[PDB]
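Chains as they are written, first to last, in the deposited numbering: chain A, 4 to 274, 309 to 352, 368 to 392, 410 to 502, 508 to 622, 639 to 814; chain B, 3 to 147. This report refers to the structure that appears directly beneath it.
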Ligand SMILES: Nc1ncnc2c1ncn2[C@@H]1O[C@H](COP(=O)(O)OP(=O)(O)O)[C@@H](O)[C@H]1O
Ligand code: BEF
Ligand SMILES: [Ca+2]
Ligand SMILES: [Ca+2]
Ligand SMILES: [Ca+2]
Ligand SMILES: [Ca+2]
Ligand SMILES: [Mg+2]
């Protein structure tokens, strides 16, 4: 029969033919591989678009909207350097891994201003404009949630959003500049080279642009989440510490270099297409532009350098001299603090915990300092852009992944609620007529009985243990639908993990097996009081002000996340789903299964499932008229897309169940657009005959349209007189 | 207010304003169609009329808002004068009959695309008494169909 899409282990889907049908699974022959057969579940074989060469800007224009046809549409577009595609209001953005021309220019920015979604090609600029327009018209704060794996393109698209908004609707001066320079400055202190991203954000952010009642920019505000503390001291083989460290070492003047006792990064225990020298220059530029004087800039530099030398003390004399000097401490006070009777391992961890605490508090200071550069007393609305990593494959899932996957559960719920709301409003407006993950959220975060609280309890015990904590989780949530023991896994390596050494959580994106070693220690952000007192009595004013025994990481983040959701829930929301095409940072390399998996994990396939419940195919009268006028008589091709479509509906006699003539679009039940396309592609003469028998009605419709239009103009004329 | 059928007719007439369709119109489209049918409102008059229903403040108008904008208190005698006035928009020389050439003028002013043969067909279908022209009675009958 007709070719169909069927699973492919590396392409996600492949073309094949159904050669046999079973009650559970179908037999598929891959295209041209006669003799080769394989089995697929019925629910994993999908109809394909007859035209395999076309692409559509909005996936709702496909005759068959499923995960396979969507994968293919996005694939075609990507191969033509069209990285952006809609699923109704949702933007899918595939990372190109190269600089595509024209599409980010200031002149392109201008072409997007004031345009409705779908009047211009899909773009991050269009999502940004709709958010400004909705804020102004609806008088409602707005959020743009940009999601995806590390290296998917979240930070870049966030920066495109902020470029667009300031250029289009900014003040003209000096606050616009500070909005676009804020993040690159934060990236110095919060970004790092990882194995997934050369410029990975090791923190989450919500960046708000605030407006007055006249929807004019009055300020900005940045919230930050979960700075990766462990990277400060140790990093993986093919990874780096935060950019600042290398930028300072590379680009500082000889004067600063002597003051801070700096060398090449290879002289520091804590430490290419990476231009550290150039980036330092750009950083100083940003710093001056946002209003940092050289004193503050150097106060920042000294602390950074102080942390570097601190890491050079192993259990050194010169490093101790430099560190105590820069951090404003007495050498002896510091030496004692790192050794009071301690073993070598305990001494390393004291030095490391101080370095982490100092740096993290510096990052808090830098984020606050940035907010101090575009402050506001009051505002009416904001447009906020959320840039945080979601679920992603790790071979070992520890506490960091636990926190990020918990965040994803809460944000995915918001997305689910919002996408449902958007669809309901459409069906009601046009006259067309779920499974929460709250239980998984509750497992993690509920007071007293949730994992976060159980973890905190362990931290407070006289002898905390990862194993005691893990067992407490398993006993409390033995029968929870979302919780499982590793030895139940289908994968051998999970089964190697003892009951008290991990657990499985059935997250939105799929089961995750957590190894719980180090959960207790990772949940604690506190610094020992012997170390905190030391740094609090620094001869230096700046080091004292950074700071002016247990602190829960998980519950601190829960508080932050709940505040974020309060904000998000008060906004109208738009969603950009970013997609990493491969694991190699290379352009023109579309890895179908990797991309398919992202589409599944981020909830897009679920969104498609929802739309198959109603009218998944949606086409404007203009789009249809352009597609099908060539099949009709010249007389009909001379209308007027609305009347053209009206005449088709009348001539074909399309039923009210399958076809909805909307306010501006035709809405089709599943399979019905394909049936309509089929009707249009037969049988020229019979089609002509169907139009013929509708002729009188069509002439009358034409008459009345113009007759009732002139009556409208008379009433409008008379109204203007009534008002005068 | 209006009957279900009147609303249906005005919705089709609204597509002539809302050409990109779309579903909404501004002051720009208001004036063009108005000028296309021999009316000449100023921009302040358009702006002021828009103000009633642009509630809003965005300078755009949807179909229910358009119907409200056309609404006003009317005498017993008013709606008949308006229909007579609509006929005169077509009957440009005031001889009581709409000719093929007069319909073409109106059609083409409104951006309608059809051949002269199709303009003649329109006249023929409305032309009940068969004299090749559309008088007031036939005009009304067609408008009421
Ligand atoms: N639209 C784009 N155009 C050009 N390059 C891009 C684009 N999106 C991503 N990149 C490249 O990919 C890298 C990773 O993108 P980034 O936005 O940092 O990912 P994420 O924030 O999702 O971890 C960037 O540093 C940049 O080199
Ligand atoms: F590496 Be990214 F900023 F998720
Ligand atoms: Ca319009
Ligand atoms: Ca309005
Ligand atoms: Ca005449
Ligand atoms: Ca006649
Ligand atoms: Mg990022």
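For every residue, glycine included, the Cβ atom is placed at its ideal position computed from N, Cα and C.
Task: Burial state of residue 674/A, where buried means 16 or more other Cβ atoms lie within 10 Å - done: As a position in the first chain, residue 674/A is number 584, starting the count at 1. Per the 10 Å Cβ criterion, exposed.
Open item on the list: If you follow the beta strand (DSSP E) that residue 586/A is in, where does it begin and where does it stop?
Closed with: For this step, residue 586/A is matched to residue 512 along the first chain. Following the DSSP letters along the chain, one finds residue 586/A inside the beta strand (DSSP E) bounded by residues 584–589.
Open item on the list: Quick check on the burial criterion: 16 or more other C-beta atoms within 10 angstroms. Buried or exposed for residue 441/A?
Closed with: The count along the first chain starts at 1 and reaches residue 441/A at position 372. Exposed.
Task: Candidates 119/A, 195/A, 126/A and 386/A: closest to residue 95/A by CA position - done: Looking up residue 95/A in the first chain gives position 92. Comparing Cα-Cα distances from residue 95/A to each of 119/A, 195/A, 126/A and 386/A, the minimum goes to 126/A.
Open item on the list: For chain B, check one thing: does any of its Cβ atoms lie closer than 8 Å to the Cβ of residue 443/A?
Closed with: Taking the first chain and counting its residues from 1, the one referred to as residue 443/A is at position 374. No, no contact with chain B.
- [ ] Mind listing which residues have their beta carbon within less than 6 Å of any non-hydrogen atom of ligand 2? Chain order is fine.
- [x] 153/A, 154/A, 157/A, 158/A, 199/A, 200/A, 203/A, 204/A and 458/A
- [ ] Run the proximity test for residue 137/B: is its beta-carbon closer than 7 Å to any non-hydrogen atom belonging to ligand 6?
- [x] Taking the first residue of the second chain as 1, we reach residue 137/B at position 135. Indeed, a heavy atom of ligand 6 lies less than 7 Å from the Cβ.
Task: Three or more C-beta pairs below 8 Å linking the stretch 657–676 of chain A and the stretch 94–110 of chain A - done: yes
Open item on the list: Quick check: is any heavy atom of ligand 3 less than 7 Å from the C-beta of residue 117/A?
Closed with: Working through the first chain from its first residue, we reach residue 117/A at position 114. Result no, Cβ not under 7 Å from ligand 3.
- [ ] Using 10 angstroms around the beta-carbon of residue 460/A, count the other beta-carbons present and answer buried if the total reaches 16, otherwise exposed.
- [x] Numbered from 1 along the first chain, position 391 holds the residue referred to as residue 460/A. Buried.
Open item on the list: Whole angstroms are fine: how far does the CA of residue 36/B sit from the CA of residue 92/B?
Closed with: Translated into the one-based positions of the second chain, residue 92/B becomes position 90. Translated into the one-based positions of the second chain, residue 36/B becomes position 34. Approximately 14 Å, taken between the alpha carbons.
Open item on the list: Please classify residue 42/B as buried or exposed, where buried requires at least 16 other C-beta atoms within 10 Å of its C-beta.
Closed with: Numbered from 1 along the second chain, position 40 holds the residue referred to as residue 42/B. Residue environment for residue 42/B: exposed (fewer than 16 other C-beta atoms within 10 angstroms of its C-beta).
Task: Boundaries of the beta strand (DSSP E) in which residue 20/A is found, first to last residue - done: Position 17 of the first chain, counted from the first residue, corresponds to residue 20/A. Counting along the chain, the beta strand (DSSP E) containing residue 20/A begins and ends at 15–24.
Open item on the list: List, in chain order, every chain A residue whose beta-carbon is nearer than 7 Å to that of residue 15/B.
Closed with: One-based indexing of the second chain puts residue 15/B at position 13. In chain order: 795, 798, 799 and 802.
Open item on the list: Given 7 Å as the limit, tell me if residue 140/B has its C-beta closer than that to any heavy atom belonging to ligand 6.
Closed with: By 1-based counting over the second chain, the position of residue 140/B is 138. At least one heavy atom of ligand 6 is nearer than 7 Å to the Cβ of residue 140/B, so yes.
- [ ] Look up residue 323/A in the DSSP assignment and say whether it is helix, strand or coil.
- [x] The residue given as residue 323/A occupies position 286 in the first chain. Helix at residue 323/A.
Task: Residues, ordered as in the chain, of the stretch 701–719 of chain A that lie near chain B by beta-carbon distance below 9 Å - done: 710, 711 and 712
- [ ] Output the distance between the C-alpha atoms of residue 569/A and residue 466/A, rounded to the nearest integer angstrom.
- [x] As a first step, residue 569/A must be located in the first chain, where it is residue number 495. As a first step, residue 466/A must be located in the first chain, where it is residue number 397. Rounded to whole angstroms, residue 569/A and residue 466/A show a C-alpha spacing of 15 Å.
Task: Beta carbon proximity, residue 485/A to chain B, threshold 8 Å - done: In the first chain, residue 485/A corresponds to position 416, counting from 1. Cβ-Cβ to chain B under 8 Å: no for residue 485/A.
Open item on the list: I believe residue 243/A touches residue 320/A by the beta-carbon criterion, under 8 Å. Please report the beta-carbon distance rounded to the nearest angstrom.
Closed with: By one-based count along the first chain, residue 243/A stands at place 240. By one-based count along the first chain, residue 320/A stands at place 283. That pair is no contact at about 16 Å.
TODO: Give the residues of chain B in contact with residue 753/A, contact being defined as C-beta atoms less than 7 Å apart.
DONE: Residue mapping note: residue 753/A aligns to position 663 of the first chain, counting from 1. The contacting residues are 25.
Task: Start and end residues, beta strand (DSSP E) containing residue 90/B - done: Translated into the one-based positions of the second chain, residue 90/B becomes position 88. No beta strand (DSSP E) holds residue 90/B; the alpha helix (DSSP H) holding it covers 80–92.
Open item on the list: Any beta carbon from chain B within less than 8 Å of residue 57/A's own beta carbon?
Closed with: Working through the first chain from its first residue, we reach residue 57/A at position 54. Judged by the 8 Å Cβ criterion, residue 57/A is not in contact with chain B.
Task: Any C-beta of chain A under 8 Å from that of residue 123/B - done: Stepping through the second chain from its first residue, residue 123/B is reached at position 121. Yes, contact with chain A.
Open item on the list: Less than 7 Å separating the Cβ of residue 56/B from some heavy atom of ligand 3?
Closed with: The sequence position of residue 56/B within the second chain is 54, counting from 1. Not under cutoff, so the answer is no.
Task: Runs of alpha helix (DSSP H) wholly within the stretch 664–721 of chain A (minimum 4 residues, chain order) - done: 682–691, 694–702 and 711–718
TODO: Report the residue from 795/A, 679/A and 332/A whose alpha carbon sits nearest the alpha carbon of residue 10/B.
DONE: To locate residue 10/B, count along the second chain from 1; it is residue 8. Of the candidates 795/A, 679/A and 332/A, the one whose C-alpha sits nearest the C-alpha of residue 10/B is 795/A.
Open item on the list: Using the Cβ count rule (16 or more neighbours within 10 Å means buried), how would you classify residue 45/A?
Closed with: Here the question's residue 45/A lines up with position 42 in the first chain. So residue 45/A counts as exposed.
Task: Within chain A, the residues that residue 128/B reaches when beta carbons sit closer than 7 Å - done: Here the question's residue 128/B lines up with position 126 in the second chain. Result: 793.
Open item on the list: According to DSSP, is residue 454/A part of a helix, a strand, or is it coil?
Closed with: For this step, residue 454/A is matched to residue 385 along the first chain. Reduced to three states, the DSSP call for residue 454/A is strand.
TODO: Count the other CB atoms, across all protein chains shown, that sit within 10 Å of the CB of residue 158/A; report buried if there are 16 or more and exposed otherwise.
DONE: For the purposes of this step, residue 158/A is taken as the residue at position 155 of the first chain. Per the 10 Å Cβ criterion, buried.
- [ ] My understanding is that residue 8/A touches residue 22/A, with C-beta atoms under 8 Å, so please give their C-beta distance in whole angstroms.
- [x] In the first chain, residue 8/A corresponds to position 5, counting from 1. In the first chain, residue 22/A corresponds to position 19, counting from 1. 15 Å between Cβ atoms; not a contact.
TODO: Could you check what DSSP says for residue 145/A in three-state terms: helix, strand or coil?
DONE: For the purposes of this step, residue 145/A is taken as the residue at position 142 of the first chain. DSSP places residue 145/A in strand when its eight states are reduced to three.
Task: 8 Å contact criterion, which residue 366/A and residue 683/A should meet: CB distance rounded - done: Within the gap of chain A, which runs from 352 to 368, lies residue 366/A, and it has no coordinates in the structure.
- [ ] Tell me residue 123/A's beta-bridge partners as DSSP assigns them.
- [x] On the first chain, position 120 is the one that residue 123/A refers to. 120/A.
TODO: Measure from the C-beta of residue 137/B to each C-beta in chain A and report whether the shortest distance is under 8 Å.
DONE: Indexing the second chain from 1 puts residue 137/B at position 135. So no, residue 137/B is outside the interface.
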